[PDB]
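Worksheet: one structure, shown below.
Here, each number is a calculation from the coordinates, and none is a lab measurement. Ideal geometry is used to build each Cβ from the backbone, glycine not excepted, and the neighbour counts take in all protein chains shown.
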Amino acid sequence: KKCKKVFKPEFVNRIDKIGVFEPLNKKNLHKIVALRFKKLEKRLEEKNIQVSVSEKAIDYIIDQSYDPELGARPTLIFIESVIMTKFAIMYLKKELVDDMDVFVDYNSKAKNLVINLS
Amino acid sequence: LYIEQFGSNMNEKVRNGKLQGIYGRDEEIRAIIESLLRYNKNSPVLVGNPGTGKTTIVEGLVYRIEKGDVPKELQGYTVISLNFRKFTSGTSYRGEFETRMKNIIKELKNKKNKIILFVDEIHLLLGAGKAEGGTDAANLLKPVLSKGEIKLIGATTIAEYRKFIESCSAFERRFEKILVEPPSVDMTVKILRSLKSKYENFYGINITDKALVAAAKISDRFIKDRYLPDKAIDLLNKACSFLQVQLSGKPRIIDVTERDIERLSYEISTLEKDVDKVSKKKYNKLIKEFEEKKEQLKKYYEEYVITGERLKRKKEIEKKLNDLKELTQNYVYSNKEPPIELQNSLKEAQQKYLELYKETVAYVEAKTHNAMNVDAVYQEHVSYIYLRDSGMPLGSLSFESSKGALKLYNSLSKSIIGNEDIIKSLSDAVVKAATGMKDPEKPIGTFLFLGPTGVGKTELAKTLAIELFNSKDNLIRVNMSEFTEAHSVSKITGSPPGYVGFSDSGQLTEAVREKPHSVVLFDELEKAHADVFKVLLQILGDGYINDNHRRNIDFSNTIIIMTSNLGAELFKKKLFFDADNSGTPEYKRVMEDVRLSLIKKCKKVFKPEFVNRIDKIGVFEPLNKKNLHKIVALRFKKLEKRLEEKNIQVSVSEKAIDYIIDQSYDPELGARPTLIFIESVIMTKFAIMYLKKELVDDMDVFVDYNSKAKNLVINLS
Amino acid sequence: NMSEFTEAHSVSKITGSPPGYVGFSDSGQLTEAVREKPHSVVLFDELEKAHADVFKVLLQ
Amino acid sequence: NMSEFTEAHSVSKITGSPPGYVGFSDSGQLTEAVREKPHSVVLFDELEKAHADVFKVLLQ
Amino acid sequence: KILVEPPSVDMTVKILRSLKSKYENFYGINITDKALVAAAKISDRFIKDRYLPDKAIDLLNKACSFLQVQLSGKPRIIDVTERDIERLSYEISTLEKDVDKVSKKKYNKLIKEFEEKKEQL
Amino acid sequence: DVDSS
Ligand SMILES: Nc1ncnc2c1ncn2[C@@H]1O[C@H](COP(=O)(O)OP(=O)(O)OP(O)(O)=S)[C@@H](O)[C@H]1O
Ligand SMILES: Nc1ncnc2c1ncn2[C@@H]1O[C@H](COP(=O)(O)OP(=O)(O)OP(O)(O)=S)[C@@H](O)[C@H]1O
């Protein structure tokens, strides 16, 4: 009913399929956030740092980054603008070896460990 | 036996070894070959990107002929490339040219012999050329190239090939559009990897294999006008002129330090009978300044030898690898006949790459962009050529690689002491950007700034070009109160075609092409027209803005700054008045309560997608009196920079601090006229006192208040 | 970038300048790209900002 | 295609570019195809799309 | 003005069919009649800048010299894949010793495909 | 926290 006001009802005719996206459930975000670390590996594939994130790390992210109303953009911001900050800092001086199986975890301490294992 | 000096020889060049070995392109080669052999017209033309290889594909064809990787109908033939100068310059008289036209074309039709024609640029045949100087648009070969008699191979670029369509629309069905594709960066890695044998034998210097991948991938996200094989190959030839200059003979750094010996010490002789004023104060400085200069001299020559000592180690131990391998390369590899040096001396040679070469890896982080004795190719030396070629000013963010970047938080804290949480997010963004980390299609450094009118909203911003880039030129002031019109949208993206100002490209699109690494202001957003905000939601979202050219502009490594007032309507009754105590119990929770209500205004004026676009929203506290102690004092440090010619050194006691503040400050105007309150009482009368001869040259003005409400003329030596 | 078409003045971006004006080497914005790439996925990012006259071009 | 005639200065696709400007070859765009095929049915896809300057041509 | 009209592509099937002997006898390879009707329908639906009796002929012209590459030479895949065997082995011959820790995976990329490419062969 | 070996 809005596409016949704004979009001049022939557009309702001409378009084959009007897909309508749901807001993101939290069951998807265990995968959608997990996809971004694989795309984060593609930006560190020169550096050969393989960042592996488990669901014990994902749950801390969703609880403190996700509202449904914005559709999980700031969760994305929360990865890049917060936890990715001193992945960059620890690489500057000699603290990030270019071959470490980097892992993220929470001991339910409200505190993060990034685990470096060769 | 045609002369072929009218054009140029082509087959014998590969016989001469000038083109032996070309990375093939099999989807492209057969498109030439399958054009050639049909019953009808036999005219392929290479059409594609200028930045792609045009000529080098046909040069690959000659190598395919001599090795016999051609069908039987294409064996033995010779390409002829054409020297376009010899058409018009050969016309010494009118009757002497066109016999050569008969000499060519009678060898084109019924020769039935070795015949392949090549054209560098068809624009030099049809776009240029007199009717009397040779082939033009009005000459022959138009009704000839219906038939498959003559076999030429052309090379044009796409947007210029569109001139042939609009010229007369008759060559369109005589030549053949063979689309030449861009070579898809991961293949250019395979191209340059095949070219490791040639450049290393061209000039000798060893090329690392990290930087070869880095020569291509960094060329993507940054350089736009050139394209993939030109970017991937020119930089390695531009890696020559950085390495060949420095590694042959003494490097440039040592030459720079030798200049300061004769330039600076020359001025001691220039003041002997010069008992005139202040300039002899340099003798208190220049002797101490030479002690600042000459300590840098003593370290560099000592470090140069140590790096040269690594050259004495590396260049000899690599010669030992020929002993350790070639004996094993002929059936001893199938027999492992020494179990002695194949485990001991080989691993220790690798340990020298694990010890002597890692020190050269450790040499990079303090020798970020130069190289005194380095035969490797590090990735920062590759990206320095990008700094050397692209729109980069001098010493800046990237010139202090990976070590000064942590210290950049300190210098920016020397501008605005207050508002750490804003600058902390500003601190990480540079660490995301200049440190080889993730540069998304999101532009790096997008931040909203909110506060009352007066606080250092754009202060932060100026210093991000004054202190970071050290240039004051990456700043782009954008008066968003000049965009109050609904028509003002076109001032950024340019004008639609055929209309007024289409020769322009847009005001802000043009400035980014001149300076692709810069800081971007947007000054007064609260007055800006609501449909201009509709443009910015894709600028923060994606780098690309299409234009009048439909050119692609990126905003990678560009800090976008979003200052706006929006707070004097909410900071209303001086809620944060006297926040000097900064309020751990209440003040802090007010900053939670305020900022969520400002996001409500971001929902109200902005149609809140900007919240999804902006990385981080910062809110400025108003200035406290503890802030006003040190902050007002910074102007007196820069006061002596403009007034050292005047040589009145104004000293500010702590008594002079609160006299300025307590008559002028409010949280409304954000200590803006307080610096004017400095200028309005004391600073106007220095011009009068300089006219007559009282405080002219060497007079230490001690400014103080003894609760006496007047500046003092108590003066010292 | 469908945020640029807020103007009714900006419709001739897509189909090109009419004759007697500047663009002839530029035959149009979306027109020449599809001729260069007839196998493509043509985006339209933000329709709610484009002007109603730009939508009249998309009707065909 | 009525979609290209939304703007006022789009009449020049019917009667070609006016003389003395950039263009004037292929002297009309309509009224060349009409001269090529003077036994034809001439479509106009919509009519509400066009600027009112275009309709003064169709009155003739 | 004696106007030449375009030849109304369903009639150009008869035009190509009259010319089949001038292509079959020219170099040797038969042309099926199923490809003729499809050669017309690509001229309609897809290419629009060139005109009608060219595009029906010029695709079959490209259909002529396409199979000549296969039958009067090496076929498609054997010619292409053997070069990638030679090109990637050339690229190993450019390396022949590297530093570790990065190129380890690149040794584990190029070398492992040679067993894969030759089993494809 | 960082956990390095
Ligand atoms: N496949 C390739 N292998 C190696 N070098 C290549 C290749 N393609 C291009 N080049 C290099 O590209 C440079 C020449 O530019 P090219 O784009 O090849 O010339 P072009 O294709 O004719 O483009 P124009 O028409 O001159 S603007 C030379 O340095 C070549 O070595
Ligand atoms: N922490 C600080 N460091 C240096 N200067 C400051 C600081 N805080 C305020 N200022 C002064 O205030 C000015 C800040 O400029 P602006 O941000 O333009 O002020 P404004 O009145 O908020 O105007 P806006 O932001 O464009 S509406 C500078 O010229 C500084 O001299």
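Suppose each label sits 7 Å from its Cα in the direction of the beta carbon; what would the B:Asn16-C:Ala33 distance come out to in nanometres?
For the pair B:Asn16/C:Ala33, the computed spacing is 4.6 nm.
List the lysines whose Cα lies under 28 Å from the Cα of D:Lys56, skipping any in the same chain that are fewer than 8 positions away.
Within the straight-line cut-off, D:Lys56 pairs with A:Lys8, C:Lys13, C:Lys56, D:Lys13, D:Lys37.
Once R0 is set to 51 Å, what does the formula 1/(1 + (r/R0)^6) return for the Cβ-Cβ distance between E:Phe114 and E:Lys34, expressed as a FRET efficiency to the nearest 0.05?
It comes to 0.80.
I'd like the distance between the alpha-carbon centres of segment B:495-511 and segment A:1-72, rounded to an integer number of Å.
36 Å
I need the Kirkwood Rh of segment B:461-551: take the reciprocal of the average 1/r across all distinct C-alpha pairs and report it in angstrom.
One decimal place: 14.1 Å for the Kirkwood radius.
Of the options B:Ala528, B:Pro516, B:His549, report the single residue whose Cα projects farthest towards the positive end of the charge dipole of segment B:510-550 (beta-carbon charges: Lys, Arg +1; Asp, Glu -1).
B:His549
Using Cα positions and a limit of under 21 Å, work out the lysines in reach of B:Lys293, with same-chain residues fewer than 8 apart set aside.
B:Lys250, B:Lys280, B:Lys281, B:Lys282, B:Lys285, B:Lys367
If contacts are Cα pairs under 8 angstrom and at least 6 residues apart, what is the relative contact order of segment B:521-576 in percent?
It rounds to 48 percent for segment B:521-576.
Could you give P(r) for segment E:3-60, binned at 5 Å from zero, as whole percent values over all Cα-Cα pairs?
All Cα pairs considered, the percentages come to 4, 19, 32, 22, 14, 8, 2, 0.
Residue by residue through segment B:693-698, which ³J(HN,Hα) values in whole Hz follow from phi under the Karplus form 6.51 cos²θ - 1.76 cosθ + 1.60 (θ = phi - 60°), with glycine and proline marked x?
Per-residue couplings from phi come out as 9, 10, 10, 6, 10, 10 Hz.
Let me know the charge dipole size of segment B:213-266 about its Cα centre in debye, to the nearest 20, where only the beta-carbon of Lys, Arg (+1) and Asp, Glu (-1) is charged.
For this selection, approximately 220 debye.
For B:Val520, enumerate residues with amide H under 5 Å from its amide H, sequence gap 5+ or separate chain, H modeled in the peptide plane.
B:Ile559, B:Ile560, B:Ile561
Taking H as built 1.01 Å from N, whose amide H comes closer than 5 Å to the amide H of B:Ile116, not counting residues under 5 places away?
Result for B:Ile116 returns B:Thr78, B:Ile80.
Given B:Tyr2, B:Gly567, B:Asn370, which one lies farthest toward the positive end of the charge dipole of chain B, if we put +1 on the Cβ of every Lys and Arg and -1 on the Cβ of every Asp and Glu?
Selected residue: B:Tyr2.
May I ask you to order B:380-386, B:481-487, B:119-125 by the average number of other C-beta atoms within 10 Å around their residues, highest value first?
B:380-386, B:119-125, B:481-487
Here is the link list: B:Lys414/B:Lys457; A:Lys31/E:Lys105; B:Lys67/B:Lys114; A:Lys4/B:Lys601. Which ones come out longer than 20 Å on Cα distance?
Exceeds cut-off: A:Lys31/E:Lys105; A:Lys4/B:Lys601.
Could you compute the FRET efficiency for B:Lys646 and B:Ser488, with r as their C-beta to C-beta distance and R0 at 45 Å, rounded to 0.05?
Working from the Cβ atoms, E equals 0.50.
Just checking the output field for B:338-344: average partner chain Cβ neighbours within 10 Å of each residue's Cβ?
Taking the mean over all residues of the peptide, I get 0.
On full extension of the chain, what length is gained from E:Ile77 through E:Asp98, given 0.36 nm per residue of separation minus the C-alpha to C-alpha distance?
Stretched fully, the E:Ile77-E:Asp98 segment lengthens by 4.3 nm.
Assign one of three labels to chain C, namely rounded, prolate or oblate, based on the Cα gyration tensor with a ≥ b ≥ c the square roots of its eigenvalues; rounded applies when a/c is under 1.5, prolate when it is not and a/b is larger than b/c, and oblate otherwise.
oblate
When the dipole is taken about the Cα centre of chain A, and only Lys, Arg (+1) and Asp, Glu (-1) are charged at their Cβ, what size is it in debye, to the nearest 20?
The calculated dipole for chain A is roughly 760 debye.
Which value in Å is the Kirkwood Rh of segment B:191-295 over different Cα pairs?
Here the Kirkwood hydrodynamic radius works out to 18.2 Å.
Ranked highest first by the average count of other Cβ atoms within 10 Å around their residues, in what order do E:2-10, B:208-216, C:26-34 fall?
Ranking, from highest mean packing down: B:208-216, C:26-34, E:2-10.
Per-residue ellipticity at 222 nm for chain B, helices alone: DSSP H runs ≥ 4 residues times -39500 (n - 2.57), over residue total, nearest 500 deg cm²/dmol?
When only DSSP H runs of four or more count, the value is -12500 deg cm²/dmol.
Taking amide hydrogens as modeled 1.01 Å from N in the peptide plane, which residues meet the under 5 Å criterion relative to B:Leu46, leaving out close sequence neighbours?
B:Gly154, B:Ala155, B:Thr156
List, in the order given, every pair from B:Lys13/E:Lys104; A:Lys111/B:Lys588; A:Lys93/B:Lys438; B:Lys315/B:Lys432; B:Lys217/B:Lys442 whose Cα-Cα distance in the structure shown is over 28 Å.
B:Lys13/E:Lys104; B:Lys315/B:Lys432
Based on the Cα gyration tensor of chain B, what are the three equivalent ellipsoid semi-axes, each the root of five times an eigenvalue, rounded to whole Å and given largest first?
Taking √(5λ) for each Cα gyration eigenvalue gives 63, 38, 28 Å.
Using a simple spin-label model with points 7 Å from Cα along the Cα→Cβ vector, what separation in nm is obtained for B:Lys403 and B:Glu107?
6.5 nm
Show me, for segment B:617-623, the HN-Hα J-couplings you get by feeding each phi into the Karplus relation (A = 6.51, B = -1.76, C = 1.60, θ = phi - 60°), rounded to Hz, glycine and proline as x.
9, x, 10, 7, 5, x, 6
Given B:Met101, B:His123, B:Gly53, which one lies farthest toward the positive end of the charge dipole of segment B:2-143, if we put +1 on the Cβ of every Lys and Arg and -1 on the Cβ of every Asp and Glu?
B:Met101
Straight-line reach only, C-alpha to C-alpha below 18 angstrom: list the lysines that B:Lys130 could link to, leaving out same-chain residues fewer than 8 apart.
Reachable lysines: B:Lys86, B:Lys102, B:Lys142, B:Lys163.
Run the dipole for segment B:395-482 about the Cα centre, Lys and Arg Cβ at +1, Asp and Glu Cβ at -1, nothing else charged, and hand back the magnitude in debye, nearest 20.
That gives a dipole near 120 debye.
Please give the FRET efficiency for B:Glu303 paired with B:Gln244, using the beta carbon to beta carbon distance and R0 = 25 Å, rounded to the nearest 0.05.
In this case the efficiency is close to 0.70.
Given axes a ≥ b ≥ c from the Cα gyration tensor, I'd like to know whether segment B:148-188 is rounded (a/c under 1.5), prolate (a/b larger than b/c) or oblate.
oblate
Count the DSSP beta bridges whose two residues both fall in the protein assembly as shown, then state the antiparallel fraction as a percent rounded to the nearest 5.
Of all bridge pairs located within the protein assembly as shown, approximately 20 percent are antiparallel.
Can you pull the one-decimal nm distance between simple spin-label points at B:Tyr587 and A:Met90, each 7 Å off the Cα toward Cβ?
Label-label distance for B:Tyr587 and A:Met90, simple model: 3.4 nm.
Using θ = phi - 60° and the Karplus form 6.51 cos²θ - 1.76 cosθ + 1.60, what ³J(HN,Hα) does each residue of segment E:46-51 get, whole Hz, x for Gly and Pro?
With the stated coefficients, segment E:46-51 comes to 10, 8, 10, 7, 6, 10 Hz.
With an 8 Å Cα cut-off and a minimum separation of 6 or more residues, compute the relative contact order for chain D in percent.
48 percent
Just need the relative contact order of segment B:461-510 here, percent rounded to a whole number, with Cα pairs under 8 Å and 6+ apart.
Reported relative contact order: 23 percent.
I need the shape label for segment B:73-166. Rule: rounded when a/c is under 1.5, else prolate if a/b > b/c, else oblate, with a, b, c from the alpha carbon gyration tensor.
oblate
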